[PDB]
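Okay, so we've got the same protein chain twice, two forms, each given alone as structure tokens, structure 1 and structure 2.
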Structure 1
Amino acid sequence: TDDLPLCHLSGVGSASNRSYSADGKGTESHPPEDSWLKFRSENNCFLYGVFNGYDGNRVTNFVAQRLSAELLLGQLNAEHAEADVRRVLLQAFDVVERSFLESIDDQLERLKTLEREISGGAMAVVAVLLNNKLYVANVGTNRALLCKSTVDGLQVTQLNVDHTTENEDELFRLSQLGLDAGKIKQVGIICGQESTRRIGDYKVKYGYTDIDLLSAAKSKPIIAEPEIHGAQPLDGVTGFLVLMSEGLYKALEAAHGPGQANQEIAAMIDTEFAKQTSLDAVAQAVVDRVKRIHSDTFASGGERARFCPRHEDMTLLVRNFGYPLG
């Protein structure tokens, strides 16, 4: 079923999470919960995605497929208006949600499983192409960058917004729900997660009322509705699209330092672009490079050393837009 034409102008790189051992170069690992999408509808419609899962990969491997069914099987393939394309996604992300919730409806090793699926979830970033017009749907902390080649440098602009507690808008939304800004922004974490929007997570979606921090709330504090970003004109553009998981920009940031991460990552993708035969290679190269920078930092510890005990799954997706590969 889930086997339609794959895109050929898009590469992906990935590296499972890994933990460091005091002894040094020593590393470990854990079940990897990250997935991506790089399909192409027979009607010439492009759909890319990166889903960073948490607490089980029983969700990432679902939303991935299910999202495709509600998007590449007609519903979007057509000469739709801007607001139309938005309306379809909205309806799409919803179908995945409501459906998934219905899914999770199945020794004493039972309580073991329950606490799992009831707390399983995932965040996602979806990019859609339709006539040189780009659309970005977003739920969570994954980033999406557009990189245009300037005759005065390389322009880098993030298309989405991080749904964290540091989001002036996200906070206000939770405030209008009746919660306390200061207090929520203070803890900076809500149920092990920092994201203020996510898919699945039956626990906080239906029982938020039983959590001290979310006690007072006329509606769900953690919602799954995605933030769509008005079509982007890609006619005369010449560069590339980047979809990367939290785990990636998160590591790079821990080593080098907060901010200036988007440019640096982009800067790297630039170099490796002139040093590879395939996108996948371009991609993987950067993931490796970053994976390296992390380990080295911890090993050759000093100051920033105390910020790299390990790192989560890293996923990078690159969609070339006429940029010189050779």
Structure 2
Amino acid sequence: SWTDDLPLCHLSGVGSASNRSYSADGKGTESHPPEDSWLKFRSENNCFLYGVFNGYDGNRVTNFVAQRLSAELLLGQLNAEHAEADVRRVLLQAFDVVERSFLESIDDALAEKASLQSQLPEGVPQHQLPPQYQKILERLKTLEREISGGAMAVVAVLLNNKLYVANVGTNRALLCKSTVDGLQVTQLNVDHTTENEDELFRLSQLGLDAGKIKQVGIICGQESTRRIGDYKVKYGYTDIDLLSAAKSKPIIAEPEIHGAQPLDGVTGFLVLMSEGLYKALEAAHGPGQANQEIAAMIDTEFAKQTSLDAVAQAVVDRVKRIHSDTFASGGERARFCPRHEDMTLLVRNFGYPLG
């Protein structure tokens, strides 16, 4: 890739771990291929790009997004002179192009799929479909993998000490400021879910019954109400009860862009993390505990570790043992930790002391 080619940011570190399901007769785990990803890039005249992505239904979309977002932001589209309004524009455009070009990229395969299904008798067994139809089924399996996938993303750009955050979904960005009273933690973006009132509003404005969706709180295995890709919800929502009423795409790919944070004289760090990381902590420790806890865990590791990568990885490791132990013991919460998802934690340092 042309991504694999240039400047990594030395002021950031990443830690990660793959999804895991704990074995029934406990001693061993199971994992599906990981679907998280990230990026930490520094381009000319000091503008930085960081992102953490959470995919589902394969990792093709998370890679497509990482790759394309880069292409749309690090080849000159940016330069610290633009000022908020412009940078927001550029971010909004980069996300639009990523979504559109992604949908365009699977159009052919979609048509070929329709054409193959047309040749297949419907509602007939995985098996017991004359072997004559097997070559078709296979080709359909191959296309399904090509077209499948969705991804949530949280991206942050650093344009001349001003920090911008673009978010689509439920990954999170936390600004951890070291003061004199301790560490102040503020989540820069908002989780796009049924619990998000503004998202619930948007959804009702489309003709969906907010009441029922708010109650179920999850749309086809995913909580995020904003996602990139996923042909299933972008095109077949009318065919999904919970959304069947939408008069417009209920799940959108538009990013919510946040403020513009000044970083002159601030000391601390930025955290970008995937949904699997915090959902594992809260599954072990309970509702709403994650931001504070993770920031503290990171604070702690900052004193021991010798790299930002070790810092981030130590925290990820800590969260999985907490989760693993919780399941392993059996005191209530165990029922909540039968498995966990991919975890990614990127830390961008802002003068905070490192061991």
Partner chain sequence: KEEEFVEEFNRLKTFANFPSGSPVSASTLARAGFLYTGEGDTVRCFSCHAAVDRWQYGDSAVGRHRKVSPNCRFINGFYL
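Reference numbering: structure 1, starting with residue 1. For clarity, a rigid core is taken as the largest C-alpha set superposing within 1.5 Å between two forms.
Exercise for review: Have a look at both and say which one is the form deposited without its partner chain.
Suggested key: Structure 2, not 1.
Review point. Among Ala83, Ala217, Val161, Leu101, which is the residue that shifts its C-alpha 2 Å or more between structure 1 and structure 2, core superposed?
Key: Result of the superposition: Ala217 is the only one at 2 Å or more.
Review point. Any CA movement of 2 Å or more for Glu227 between structure 1 and structure 2, core superposed?
Key: Shift at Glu227: below 2 Å after core fit.
Review point. Would you say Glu170 moves its Cα by 2 Å or more between structure 1 and structure 2, aligning on the core?
Key: After core superposition, the displacement of the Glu170 C-alpha between structure 1 and structure 2 stays below 2 Å, so no.
Practice item. Superpose the two forms on their rigid core, then report whether the C-alpha of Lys148 is displaced by 2 angstroms or more between structure 1 and structure 2. Key: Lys148: C-alpha displaced by less than 2 Å between structure 1 and structure 2.
Point to revise | Shift in Å of the C-alpha at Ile184 between structure 1 and structure 2 after core superposition | key: Looking at the C-alpha of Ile184 between structure 1 and structure 2, the offset is 1.1 Å.
Point to revise | Distance moved by the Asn43 C-alpha between structure 1 and structure 2 (core-aligned, Å) | key: Rounded to one decimal, the shift is 2.9 Å.
**Study point:** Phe273: CA movement between structure 1 and structure 2 [superposed on rigid core, Å]
**Key:** In the core superposition between structure 1 and structure 2, the C-alpha of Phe273 moves 0.3 Å.
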